[PDB]
Structures are given as structure tokens and as C-alpha cells.
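Enquirer: This is the content of upload32.txt (compact mmCIF, C-alpha atoms):
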```
# COMPACT_ATOMS: atom_id res chain seq x y z
CA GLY A 1 94.10 122.19 100.72
CA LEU A 2 96.90 119.90 101.88
CA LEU A 3 94.49 118.36 104.36
CA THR A 4 91.45 116.53 102.97
CA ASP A 5 88.78 115.33 105.38
CA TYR A 6 86.90 112.27 104.08
CA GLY A 7 85.01 112.02 107.34
CA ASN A 8 83.20 114.62 109.43
CA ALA A 9 85.81 116.08 111.76
CA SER A 10 83.64 118.92 113.08
CA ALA A 11 80.97 116.42 114.21
CA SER A 12 83.48 113.99 115.75
CA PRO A 13 84.15 112.98 119.37
CA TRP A 14 87.86 113.82 119.03
CA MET A 15 87.26 117.37 117.79
CA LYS A 16 84.86 117.97 120.67
CA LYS A 17 87.61 116.86 123.06
CA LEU A 18 90.24 119.06 121.35
CA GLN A 19 88.01 122.15 121.53
CA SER A 20 87.35 121.69 125.25
CA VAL A 21 91.08 121.22 125.87
CA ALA A 22 91.53 124.40 123.82
CA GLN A 23 89.21 126.14 126.29
CA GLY A 24 91.08 124.81 129.33
CA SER A 25 89.24 121.60 130.27
CA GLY A 26 92.35 120.04 131.80
CA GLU A 27 91.94 116.87 129.76
CA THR A 28 94.85 115.38 127.80
CA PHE A 29 94.49 115.21 124.03
CA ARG A 30 96.79 112.44 122.82
CA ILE A 31 98.21 112.48 119.30
CA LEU A 32 100.03 109.27 118.30
CA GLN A 33 102.17 109.10 115.16
CA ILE A 34 103.13 105.63 113.97
CA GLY A 35 105.41 105.38 110.96
CA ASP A 36 108.84 104.89 109.39
CA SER A 37 112.20 106.68 109.62
CA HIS A 38 110.62 110.07 108.99
CA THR A 39 108.79 109.50 112.28
CA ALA A 40 111.62 107.63 114.01
CA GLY A 41 114.00 110.61 113.77
CA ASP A 42 111.55 112.72 115.80
CA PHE A 43 112.39 115.85 113.75
CA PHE A 44 108.91 115.89 112.20
CA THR A 45 106.95 114.84 115.27
CA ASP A 46 108.87 117.14 117.63
CA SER A 47 108.10 120.16 115.46
CA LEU A 48 104.43 119.16 115.50
CA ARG A 49 104.77 118.65 119.26
CA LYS A 50 106.24 122.08 119.97
CA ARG A 51 103.81 123.93 117.74
CA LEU A 52 100.58 122.31 118.93
CA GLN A 53 101.68 122.42 122.60
CA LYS A 54 102.08 126.20 122.37
CA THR A 55 98.67 126.45 120.72
CA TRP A 56 96.71 124.10 122.97
CA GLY A 57 98.86 123.39 126.04
CA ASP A 58 101.90 121.32 127.03
CA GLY A 59 100.35 118.02 128.08
CA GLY A 60 103.80 116.49 128.57
CA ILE A 61 106.24 114.33 126.64
CA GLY A 62 103.87 111.40 126.09
CA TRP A 63 104.85 107.87 125.07
CA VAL A 64 108.64 107.56 124.67
CA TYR A 65 111.29 104.84 124.16
CA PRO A 66 112.26 102.82 127.23
CA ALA A 67 115.95 103.15 126.17
CA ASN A 68 118.23 104.50 123.43
CA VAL A 69 117.34 102.90 120.11
CA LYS A 70 120.15 102.71 117.55
CA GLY A 71 119.54 104.93 114.54
CA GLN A 72 116.44 106.50 116.04
CA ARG A 73 115.77 109.48 118.27
CA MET A 74 113.59 110.93 121.03
CA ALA A 75 113.82 114.73 121.11
CA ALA A 76 111.89 115.18 124.37
CA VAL A 77 113.89 112.90 126.70
CA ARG A 78 117.40 111.63 127.31
CA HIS A 79 118.23 108.09 128.45
CA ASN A 80 120.90 106.92 130.87
CA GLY A 81 120.84 103.27 131.91
CA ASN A 82 121.83 99.70 131.16
CA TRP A 83 118.66 98.45 129.46
CA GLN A 84 119.11 96.97 125.96
CA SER A 85 116.64 97.87 123.19
CA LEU A 86 115.43 95.58 120.41
CA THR A 87 113.22 96.58 117.47
CA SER A 88 111.16 94.86 114.75
CA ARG A 89 113.23 96.47 111.99
CA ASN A 90 115.49 93.40 111.68
CA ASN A 91 114.23 91.19 114.49
CA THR A 92 111.41 88.94 115.60
CA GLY A 93 110.00 88.88 119.09
CA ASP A 94 106.96 89.42 121.23
CA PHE A 95 106.71 93.15 120.49
CA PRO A 96 104.01 95.41 121.96
CA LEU A 97 102.51 98.12 119.73
CA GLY A 98 105.30 100.21 118.16
CA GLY A 99 107.76 97.39 117.60
CA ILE A 100 110.22 98.39 120.33
CA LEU A 101 111.10 96.71 123.60
CA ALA A 102 114.04 96.86 126.00
CA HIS A 103 115.52 93.99 128.04
CA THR A 104 116.21 95.40 131.52
CA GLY A 105 118.24 92.49 132.90
CA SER A 106 118.58 91.83 136.62
CA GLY A 107 120.03 94.74 138.56
CA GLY A 108 118.61 96.88 135.74
CA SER A 109 118.48 100.66 135.79
CA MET A 110 117.13 103.45 133.55
CA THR A 111 116.84 107.17 134.15
CA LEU A 112 114.79 109.39 131.85
CA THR A 113 115.55 113.09 131.91
CA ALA A 114 113.34 115.61 130.12
CA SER A 115 115.19 117.77 127.59
CA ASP A 116 113.00 120.67 128.77
CA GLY A 117 110.72 119.60 131.62
CA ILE A 118 108.46 120.78 134.46
CA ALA A 119 109.66 118.40 137.26
CA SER A 120 106.25 118.18 138.95
CA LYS A 121 104.81 114.71 139.52
CA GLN A 122 103.74 113.25 136.17
CA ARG A 123 101.29 110.48 135.41
CA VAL A 124 103.40 107.52 134.34
CA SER A 125 102.33 104.40 132.50
CA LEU A 126 104.62 101.69 131.09
CA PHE A 127 104.12 98.81 128.73
CA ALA A 128 105.84 95.98 130.60
CA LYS A 129 106.22 92.21 130.63
CA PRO A 130 107.67 90.53 133.72
CA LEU A 131 109.65 87.30 133.60
CA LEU A 132 107.46 86.06 136.48
CA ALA A 133 103.87 86.79 137.49
CA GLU A 134 103.56 89.34 140.36
CA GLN A 135 107.15 90.56 139.81
CA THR A 136 107.92 94.14 140.90
CA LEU A 137 110.03 97.08 139.82
CA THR A 138 110.47 100.53 141.29
CA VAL A 139 109.70 103.92 139.80
CA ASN A 140 111.47 106.72 141.72
CA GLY A 141 111.69 104.35 144.68
CA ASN A 142 108.01 103.36 144.65
CA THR A 143 107.15 99.68 144.27
CA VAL A 144 105.11 98.83 141.19
CA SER A 145 103.85 95.28 140.62
CA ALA A 146 102.63 93.31 137.61
CA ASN A 147 99.30 91.49 137.73
CA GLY A 148 99.96 88.03 136.43
CA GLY A 149 102.27 87.65 133.46
CA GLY A 150 102.36 88.78 129.86
CA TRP A 151 102.43 92.31 128.46
CA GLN A 152 100.32 94.79 130.39
CA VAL A 153 100.33 98.48 131.25
CA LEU A 154 101.58 99.55 134.65
CA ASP A 155 100.09 102.77 136.04
CA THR A 156 101.88 104.89 138.64
CA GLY A 157 102.97 108.44 139.40
CA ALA A 158 106.35 110.12 139.62
CA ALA A 159 108.29 113.22 138.62
CA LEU A 160 111.12 113.76 136.15
CA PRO A 161 113.95 112.76 136.24
CA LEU A 162 112.40 109.31 136.32
CA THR A 163 114.46 106.37 137.57
CA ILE A 164 113.27 102.80 137.08
CA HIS A 165 115.00 99.89 138.81
CA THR A 166 114.47 96.21 138.03
CA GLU A 167 115.74 93.63 140.50
CA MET A 168 114.76 90.80 138.14
CA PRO A 169 114.42 90.95 134.32
CA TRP A 170 111.52 92.59 132.50
CA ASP A 171 110.78 93.63 128.94
CA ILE A 172 109.63 97.25 128.73
CA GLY A 173 107.82 98.95 125.84
CA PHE A 174 106.96 102.62 125.47
CA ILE A 175 106.60 104.64 128.65
CA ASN A 176 103.93 107.34 128.89
CA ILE A 177 104.75 110.48 130.82
CA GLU A 178 101.89 113.00 131.11
CA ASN A 179 101.43 116.31 132.94
CA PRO A 180 98.36 116.20 135.28
CA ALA A 181 97.26 119.71 134.20
CA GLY A 182 96.41 118.31 130.74
CA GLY A 183 97.07 119.61 127.22
CA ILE A 184 98.43 118.01 124.03
CA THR A 185 100.94 115.18 123.78
CA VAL A 186 102.59 114.00 120.59
CA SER A 187 104.03 110.49 120.72
CA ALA A 188 106.31 109.12 117.98
CA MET A 189 106.26 105.39 117.21
CA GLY A 190 108.63 105.11 114.28
CA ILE A 191 110.72 102.25 112.95
CA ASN A 192 113.46 102.88 110.36
CA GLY A 193 112.48 101.24 107.07
CA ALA A 194 109.03 100.09 108.23
CA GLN A 195 105.84 99.58 106.21
CA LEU A 196 102.29 99.62 107.63
CA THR A 197 101.68 95.94 106.89
CA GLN A 198 104.69 95.12 109.05
CA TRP A 199 102.56 95.64 112.15
CA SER A 200 102.21 91.86 111.56
CA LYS A 201 105.70 91.55 113.14
CA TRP A 202 104.18 92.70 116.44
CA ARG A 203 102.22 90.56 118.95
CA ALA A 204 98.73 89.28 118.07
CA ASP A 205 97.15 91.43 120.81
CA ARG A 206 98.74 94.66 119.51
CA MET A 207 95.32 96.33 119.06
CA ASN A 208 94.70 95.92 122.80
CA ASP A 209 97.97 97.81 123.30
CA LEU A 210 96.63 100.50 120.93
CA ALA A 211 93.37 100.67 122.91
CA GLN A 212 95.46 101.44 125.99
CA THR A 213 97.52 104.31 124.53
CA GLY A 214 94.58 106.63 125.02
CA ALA A 215 95.27 108.15 121.58
CA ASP A 216 92.67 110.68 120.47
CA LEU A 217 94.24 111.12 117.03
CA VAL A 218 96.24 108.39 115.29
CA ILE A 219 98.61 109.52 112.55
CA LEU A 220 99.81 106.85 110.15
CA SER A 221 102.91 107.96 108.26
CA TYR A 222 104.18 105.27 105.87
CA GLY A 223 104.53 104.91 102.12
CA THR A 224 108.16 105.69 101.40
CA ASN A 225 109.37 102.13 101.92
CA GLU A 226 106.33 100.49 100.31
CA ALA A 227 107.20 102.67 97.30
CA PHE A 228 110.66 101.11 96.97
CA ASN A 229 109.25 97.60 96.67
CA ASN A 230 109.17 97.18 92.88
CA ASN A 231 107.00 94.08 93.29
CA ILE A 232 104.41 95.40 95.74
CA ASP A 233 100.83 94.20 95.20
CA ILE A 234 98.74 97.37 95.45
CA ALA A 235 95.42 95.54 95.56
CA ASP A 236 96.58 93.29 98.40
CA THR A 237 98.31 96.16 100.21
CA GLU A 238 95.18 98.32 99.91
CA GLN A 239 93.04 95.63 101.55
CA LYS A 240 95.53 95.31 104.42
CA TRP A 241 95.55 99.07 104.89
CA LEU A 242 91.74 99.19 104.99
CA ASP A 243 91.78 96.29 107.48
CA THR A 244 94.26 98.17 109.66
CA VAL A 245 92.12 101.34 109.67
CA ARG A 246 89.05 99.25 110.55
CA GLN A 247 90.97 97.69 113.41
CA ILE A 248 92.15 101.06 114.70
CA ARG A 249 88.53 102.27 114.72
CA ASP A 250 87.34 99.16 116.57
CA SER A 251 90.15 99.55 119.11
CA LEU A 252 89.76 103.31 119.61
CA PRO A 253 86.16 104.28 118.68
CA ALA A 254 86.57 107.91 119.75
CA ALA A 255 89.88 108.56 117.93
CA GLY A 256 90.48 110.52 114.75
CA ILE A 257 92.70 109.00 112.06
CA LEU A 258 95.06 110.90 109.74
CA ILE A 259 96.89 109.25 106.84
CA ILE A 260 100.06 111.04 105.75
CA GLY A 261 100.54 110.42 102.03
CA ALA A 262 104.15 109.61 101.16
CA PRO A 263 106.45 112.54 100.26
CA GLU A 264 108.13 112.54 96.88
CA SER A 265 111.20 110.32 96.94
CA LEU A 266 113.77 109.82 94.21
CA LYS A 267 115.26 106.52 93.07
CA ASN A 268 118.05 108.67 91.69
CA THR A 269 118.68 112.40 92.02
CA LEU A 270 119.93 113.08 88.49
CA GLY A 271 118.53 115.67 86.14
CA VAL A 272 116.23 118.46 87.35
CA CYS A 273 113.30 116.17 88.22
CA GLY A 274 113.55 112.41 88.27
CA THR A 275 113.77 109.72 88.94
CA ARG A 276 110.78 108.62 91.03
CA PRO A 277 110.65 104.99 92.13
CA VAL A 278 108.39 103.04 89.77
CA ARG A 279 105.75 102.24 92.41
CA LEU A 280 105.66 105.57 94.27
CA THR A 281 102.70 107.08 92.43
CA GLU A 282 100.59 103.94 92.85
CA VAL A 283 101.39 103.81 96.58
CA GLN A 284 100.48 107.48 97.15
CA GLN A 285 97.20 106.96 95.29
CA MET A 286 96.38 103.84 97.27
CA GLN A 287 96.90 105.84 100.47
CA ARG A 288 94.35 108.44 99.45
CA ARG A 289 91.77 105.80 98.44
CA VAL A 290 92.23 104.15 101.86
CA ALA A 291 91.68 107.52 103.56
CA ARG A 292 88.42 108.10 101.67
CA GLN A 293 87.05 104.59 102.05
CA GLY A 294 88.04 104.54 105.73
CA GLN A 295 86.62 108.06 106.18
CA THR A 296 89.87 109.34 107.62
CA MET A 297 91.77 112.58 107.08
CA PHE A 298 94.53 112.68 104.44
CA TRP A 299 97.51 115.05 104.32
CA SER A 300 99.52 115.12 101.11
CA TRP A 301 103.17 115.50 102.04
CA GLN A 302 103.98 115.49 98.33
CA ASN A 303 101.66 118.46 97.78
CA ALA A 304 103.03 120.15 100.88
CA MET A 305 106.43 119.93 99.17
CA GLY A 306 105.20 121.60 95.98
CA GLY A 307 103.80 118.54 94.23
CA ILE A 308 105.55 116.28 91.72
CA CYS A 309 109.16 117.17 90.83
CA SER A 310 109.79 118.93 94.14
CA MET A 311 112.26 116.65 95.93
CA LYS A 312 115.27 117.61 93.82
CA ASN A 313 114.60 121.28 94.56
CA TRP A 314 114.30 120.49 98.29
CA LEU A 315 117.58 118.59 98.08
CA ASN A 316 119.34 121.43 96.28
CA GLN A 317 118.30 123.84 99.00
CA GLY A 318 119.28 121.69 101.98
CA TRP A 319 115.73 120.89 103.09
CA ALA A 320 116.26 117.27 102.05
CA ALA A 321 119.19 114.86 102.37
CA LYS A 322 121.50 113.96 99.48
CA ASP A 323 119.82 110.58 98.99
CA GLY A 324 116.60 112.25 97.80
CA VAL A 325 114.56 110.13 100.21
CA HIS A 326 115.21 111.42 103.74
CA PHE A 327 114.98 115.02 104.89
CA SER A 328 117.26 117.26 106.89
CA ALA A 329 116.27 118.53 110.32
CA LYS A 330 114.88 121.79 108.94
CA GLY A 331 113.09 119.95 106.14
CA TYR A 332 111.20 117.83 108.64
CA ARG A 333 110.49 120.87 110.80
CA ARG A 334 109.12 122.73 107.77
CA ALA A 335 106.86 119.89 106.66
CA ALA A 336 105.47 119.48 110.19
CA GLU A 337 104.74 123.19 110.62
CA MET A 338 102.61 122.94 107.48
CA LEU A 339 100.74 119.96 108.96
CA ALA A 340 100.27 121.86 112.21
CA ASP A 341 98.96 124.77 110.12
CA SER A 342 96.50 122.45 108.39
CA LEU A 343 95.20 121.00 111.67
CA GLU A 344 94.75 124.34 113.44
CA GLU A 345 92.77 125.59 110.43
CA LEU A 346 90.55 122.55 110.63
CA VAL A 347 89.85 123.15 114.29
CA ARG A 348 89.29 126.87 113.75
CA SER A 349 86.67 126.11 111.09
CA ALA A 350 84.87 123.63 113.35
```
As C-alpha cells, what does this structure read like?
Expert:
Amino acid sequence: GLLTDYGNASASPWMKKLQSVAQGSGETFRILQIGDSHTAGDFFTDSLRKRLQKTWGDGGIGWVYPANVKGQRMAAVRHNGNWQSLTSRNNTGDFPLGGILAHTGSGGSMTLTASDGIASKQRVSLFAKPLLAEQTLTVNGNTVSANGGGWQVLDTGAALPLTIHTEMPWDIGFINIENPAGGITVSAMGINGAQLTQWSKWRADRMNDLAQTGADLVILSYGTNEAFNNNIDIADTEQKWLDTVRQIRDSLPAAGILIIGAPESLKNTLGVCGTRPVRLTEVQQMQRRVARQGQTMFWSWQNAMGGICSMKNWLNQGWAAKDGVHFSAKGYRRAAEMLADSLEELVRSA
């Protein structure tokens, strides 16, 4: 239906891991959604998170921002500290996978508090880059040290609330917080306005960061912004997309991949139906071709909405924002519940 599998999900390593989690293996099945503002608002991914965690187990909050990010949102944690975030939306830098870092400063402090939470000791990992090799920081009072310099992942253990102190400056990327009993996590790596090809803004070794997320299913949710580029080169874009899928597979050989086809957007909300941006249809079609050629799964958000000429109706009923591009909280929740529906069906039939 909405979900088309161009691979062989039932025969896959990731499905086998999901099923055993489903039967109480204690493993953690890690779903990672990387995308644009639809993802960055966390309304879509948090609905997916809550639904699939009830179905298959609360594996914890997963990979979250190291600090508040202007215009973006984490539903599962709250931040209180003096770290300063920076994203690839408007800036350049040495970004780890996801395009977000935070400068801690000296005398730096950040406390993460779970919006719900089970305050037992979680597994904690952090993307981190020290100013100096061998530099330390503390996580709930425990000393954690870098090995050499450059971006790396620090592994430790602590409970929530989680307090991280930096005597000297570091850059920090996403921070993974997992419950030791296992289950599902859903991590949201969104950037307002982003396009898939703009992973090129991130550091050259970004695929090694991806390898270290532990993601068992990678969801790519882009298309809306590509669609608003009147001068986009579909043939070039398609090759870059295929390259990116190839690279994801090389970096995470056991992971599933799901491409979320762009929802309907409107260049202008006038008159019952139109008007679609001129390149939207070509972008959505490219996405499906990439899915098939890359043997990934494909979920048509436009079809989930009711197909072509559905956005104005969604807008009229408050499921989509007035701009005819972004959705309202309940609109995102609705779309994600349909995706969750689609995935549970797939597993059930396996």
C-alpha cells in the first residue's frame, strides 16, 4: 500500500533483529530518521517513537541534541545549560553526522532531563571533539576522556537527569541515551530547510559517524526543499541520492533503509487544488526510482495524505499549516501513525 518494499525485508538481517526484540531478546533496535524540518520539529518522529515503543518496547530516548537548537525541537528531553549550538542550515564547520554541534566553552555545563523517563542508569554515548588530545569531561561526576583528538564517540554510563561538565572547551554532537533492557529507539536528525545532497556540508568522515550510530533502520525524509528549487538537476540529484544509499549500505551493512517520498506541498494555496511547485512531481518520482534501484523501502507520504490535490484539504482542516508546506502537530502525528501502521504490517507479514 503506502509502503513499497523494493528489497526483501522478510529475509533481511534487520527484520530478524526486530522480530527477536519483539519476542524479548533485550537487544536495542535503533531507528534513525535523517531529514528536513518535518523531522526537525520532532512531531512526526515522536509519534513514531511513542507508537513503536509501545508495540516493541521502550529502548530509551536515543540520539538527541547536545543543546537547544533554535527553530528545532526534541520532544523526549529538555535542555538546561550554557552550551551554544551551531547547525549546517546556514553555517559551515566541521560537523559530525546530523549537521549539529554545540560549543561547550570552558566551565561548560549541560543537564538533560527526560520529558518522561525511567531514571535507571542508561547507556550513554556522545559524539565529541576535544580542543586537546586526552582532554576530559565529566558525566554525572564520572571522568570521561578522549583518545587523541578529532571527532570520536565517547562511551560511558549514567542515569537521567544527565549532567555533563566541561572544564575546557569541546564540541559535542548528538548524545545517545539508551535503556539497558533494550527495545526500540527513534532518533531524529533533522535540519530546517535541508536537502539530502547537503550532507556534503558535513565532515568528510561522516559515514564513519553513521557506522557508529548503531542504526538498524535508516529513514531518509527529504524532498520538500529539493522540490522548491526550480532549477534542480534531477539526473544529477538522482545519482547523488543513489551514491548516498550505496554509502549508507557500505557503512551499515545490516541496516534497513526507508525513503520517505515528499508530501504534497503547495507553492500557493489558492483554489481548491493547486498550486504545486513546478519540480515537486519530478522530485517525488526520482525518490521512488532511487528506492527501487537501491532496493530500499519507500513510503509515499503524498499517498498517505490522499494523493495529489490533498494538501489544501489538510490545510482547511487544520492538519497542515497555512503555508501549505509544513504540518501542524496533529498532522505530523497522523502521518507518522500511518507509517507506524505500515511498518507493523510489514513485520507481521514476515
Enquirer: Check the smallest atom-to-atom distance from each of A:204, A:3, A:124, A:168 to residue 93 in chain A using only C-alpha atoms, then report the winner.
Expert: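 That would be A:204, the residue with the smallest distance to residue 93 in chain A.
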Enquirer: Would you be able to write out as a PDB file with C-alpha atoms, in the frame of the given file which residues have an atom within 10 Å of (96.5, 98.0, 103.2) in the file's coordinates, counting only C-alpha atoms?
Expert:
```pdb
ATOM      1  CA  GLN A 195     105.840  99.580 106.210  1.00  0.00           C
ATOM      2  CA  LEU A 196     102.290  99.620 107.630  1.00  0.00           C
ATOM      3  CA  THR A 197     101.680  95.940 106.890  1.00  0.00           C
ATOM      4  CA  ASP A 233     100.830  94.200  95.200  1.00  0.00           C
ATOM      5  CA  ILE A 234      98.740  97.370  95.450  1.00  0.00           C
ATOM      6  CA  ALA A 235      95.420  95.540  95.560  1.00  0.00           C
ATOM      7  CA  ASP A 236      96.580  93.290  98.400  1.00  0.00           C
ATOM      8  CA  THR A 237      98.310  96.160 100.210  1.00  0.00           C
ATOM      9  CA  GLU A 238      95.180  98.320  99.910  1.00  0.00           C
ATOM     10  CA  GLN A 239      93.040  95.630 101.550  1.00  0.00           C
ATOM     11  CA  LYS A 240      95.530  95.310 104.420  1.00  0.00           C
ATOM     12  CA  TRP A 241      95.550  99.070 104.890  1.00  0.00           C
ATOM     13  CA  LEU A 242      91.740  99.190 104.990  1.00  0.00           C
ATOM     14  CA  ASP A 243      91.780  96.290 107.480  1.00  0.00           C
ATOM     15  CA  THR A 244      94.260  98.170 109.660  1.00  0.00           C
ATOM     16  CA  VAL A 245      92.120 101.340 109.670  1.00  0.00           C
ATOM     17  CA  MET A 286      96.380 103.840  97.270  1.00  0.00           C
ATOM     18  CA  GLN A 287      96.900 105.840 100.470  1.00  0.00           C
ATOM     19  CA  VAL A 290      92.230 104.150 101.860  1.00  0.00           C
TER      20      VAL A 290
END
```
Enquirer: CA of residue 205 in chain A and CA of residue 130 in chain A are how many Å apart?
Expert: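 Between these atoms lies a distance of 16.7 Å.
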Enquirer: Between A:96, A:182, A:256, A:173, which has the minimum distance to residue 207 in chain A (counting all atoms listed in the file)?
Expert: A:96
Enquirer: What lies within 12 Å of residue 270 in chain A using all atoms listed in the file, ignoring chain neighbours under 6 positions off, as a list in words?
Expert: residues 276, 309, 311, 312, 313, 315, 316, 322, 323 and 324 of chain A
Enquirer: For a test of reading the model, state the distance in Å between CA of residue 220 in chain A and CA of residue 18 in chain A, rounded to one decimal.
Expert: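 That distance, rounded to one decimal, is 19.1 Å.
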Enquirer: When you look at range 97-108 of chain A with a cut-off of 7 Å (counting all atoms listed in the file), what residues show up, excluding the ones that are within fewer than 6 positions of it in the same chain? I need them as a count of residues only.
Expert: 23
Enquirer: Identify which of the residues A:208, A:192, A:39, A:221 lies closest to residue 153 in chain A, counting only C-alpha atoms when measuring atom-to-atom distances.
Expert: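 Comparing A:208, A:192, A:39, A:221 against residue 153 in chain A, the winner is A:208.
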Enquirer: Ranking A:79, A:219, A:29, A:289 by minimum distance to residue 162 in chain A and counting all atoms listed in the file, which one comes first?
Expert: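 Checking each candidate against residue 162 in chain A, we get A:79 as the closest.
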Enquirer: Which residues come within 9 Å of residue 46 in chain A, counting only C-alpha atoms, excluding same-chain residues fewer than 3 positions away, as a list in words?
Expert: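 Once the adjacent positions are removed, what remains is residues 42, 43, 49, 50, 51, 74, 75, 76, 186, 187, 188, 333 and 336 of chain A.
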Enquirer: Give me the residues within 10 Å of residue 225 in chain A as a list in words, counting all atoms listed in the file and dropping any in the same chain fewer than 6 places off.
Expert: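 Close residues of residue 225 in chain A: residues 36, 37, 192, 193, 194, 195, 196, 262, 265, 280, 283 and 325 of chain A.
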Enquirer: Could range 96-110 of chain A be completed with N, CA, C and O atoms and returned as a PDB file, in the coordinates of the input?
Expert:
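Result written to selection-v2.pdb:
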```pdb
ATOM      1  N   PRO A  96     105.272  94.683 121.753  1.00  0.00           N
ATOM      2  CA  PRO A  96     104.010  95.410 121.960  1.00  0.00           C
ATOM      3  C   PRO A  96     103.879  96.437 120.845  1.00  0.00           C
ATOM      4  O   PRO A  96     104.830  96.603 120.073  1.00  0.00           O
ATOM      5  N   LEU A  97     102.730  97.103 120.756  1.00  0.00           N
ATOM      6  CA  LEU A  97     102.510  98.120 119.730  1.00  0.00           C
ATOM      7  C   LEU A  97     103.695  99.067 119.616  1.00  0.00           C
ATOM      8  O   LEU A  97     104.185  99.547 120.633  1.00  0.00           O
ATOM      9  N   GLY A  98     104.184  99.293 118.390  1.00  0.00           N
ATOM     10  CA  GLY A  98     105.300 100.210 118.160  1.00  0.00           C
ATOM     11  C   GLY A  98     106.575  99.511 117.719  1.00  0.00           C
ATOM     12  O   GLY A  98     107.488 100.132 117.145  1.00  0.00           O
ATOM     13  N   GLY A  99     106.655  98.218 118.022  1.00  0.00           N
ATOM     14  CA  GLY A  99     107.760  97.390 117.600  1.00  0.00           C
ATOM     15  C   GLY A  99     109.076  97.591 118.341  1.00  0.00           C
ATOM     16  O   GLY A  99     110.136  97.213 117.842  1.00  0.00           O
ATOM     17  N   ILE A 100     109.015  98.166 119.539  1.00  0.00           N
ATOM     18  CA  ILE A 100     110.220  98.390 120.330  1.00  0.00           C
ATOM     19  C   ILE A 100     110.053  97.817 121.734  1.00  0.00           C
ATOM     20  O   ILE A 100     109.023  98.019 122.382  1.00  0.00           O
ATOM     21  N   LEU A 101     111.056  97.081 122.194  1.00  0.00           N
ATOM     22  CA  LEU A 101     111.100  96.710 123.600  1.00  0.00           C
ATOM     23  C   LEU A 101     112.527  96.857 124.113  1.00  0.00           C
ATOM     24  O   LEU A 101     113.468  96.970 123.319  1.00  0.00           O
ATOM     25  N   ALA A 102     112.693  96.871 125.432  1.00  0.00           N
ATOM     26  CA  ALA A 102     114.040  96.860 126.000  1.00  0.00           C
ATOM     27  C   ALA A 102     114.171  95.764 127.058  1.00  0.00           C
ATOM     28  O   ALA A 102     113.286  95.606 127.892  1.00  0.00           O
ATOM     29  N   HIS A 103     115.253  94.988 127.006  1.00  0.00           N
ATOM     30  CA  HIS A 103     115.520  93.990 128.040  1.00  0.00           C
ATOM     31  C   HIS A 103     116.216  94.704 129.195  1.00  0.00           C
ATOM     32  O   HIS A 103     117.268  95.306 128.989  1.00  0.00           O
ATOM     33  N   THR A 104     115.650  94.648 130.395  1.00  0.00           N
ATOM     34  CA  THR A 104     116.210  95.400 131.520  1.00  0.00           C
ATOM     35  C   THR A 104     117.361  94.641 132.186  1.00  0.00           C
ATOM     36  O   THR A 104     118.308  95.249 132.684  1.00  0.00           O
ATOM     37  N   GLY A 105     117.263  93.317 132.210  1.00  0.00           N
ATOM     38  CA  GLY A 105     118.240  92.490 132.900  1.00  0.00           C
ATOM     39  C   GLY A 105     117.965  92.547 134.393  1.00  0.00           C
ATOM     40  O   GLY A 105     117.146  93.341 134.851  1.00  0.00           O
ATOM     41  N   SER A 106     118.646  91.709 135.162  1.00  0.00           N
ATOM     42  CA  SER A 106     118.580  91.830 136.620  1.00  0.00           C
ATOM     43  C   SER A 106     119.500  92.975 137.014  1.00  0.00           C
ATOM     44  O   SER A 106     120.430  93.302 136.287  1.00  0.00           O
ATOM     45  N   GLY A 107     119.245  93.596 138.158  1.00  0.00           N
ATOM     46  CA  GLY A 107     120.030  94.740 138.560  1.00  0.00           C
ATOM     47  C   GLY A 107     119.954  95.850 137.519  1.00  0.00           C
ATOM     48  O   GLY A 107     120.899  96.632 137.358  1.00  0.00           O
ATOM     49  N   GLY A 108     118.817  95.914 136.815  1.00  0.00           N
ATOM     50  CA  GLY A 108     118.610  96.880 135.740  1.00  0.00           C
ATOM     51  C   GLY A 108     118.277  98.283 136.198  1.00  0.00           C
ATOM     52  O   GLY A 108     117.639  98.483 137.236  1.00  0.00           O
ATOM     53  N   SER A 109     118.701  99.272 135.419  1.00  0.00           N
ATOM     54  CA  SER A 109     118.480 100.660 135.790  1.00  0.00           C
ATOM     55  C   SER A 109     118.303 101.564 134.560  1.00  0.00           C
ATOM     56  O   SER A 109     119.015 101.421 133.570  1.00  0.00           O
ATOM     57  N   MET A 110     117.343 102.480 134.624  1.00  0.00           N
ATOM     58  CA  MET A 110     117.130 103.450 133.550  1.00  0.00           C
ATOM     59  C   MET A 110     116.642 104.761 134.132  1.00  0.00           C
ATOM     60  O   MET A 110     115.701 104.789 134.925  1.00  0.00           O
TER      61      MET A 110
END
```
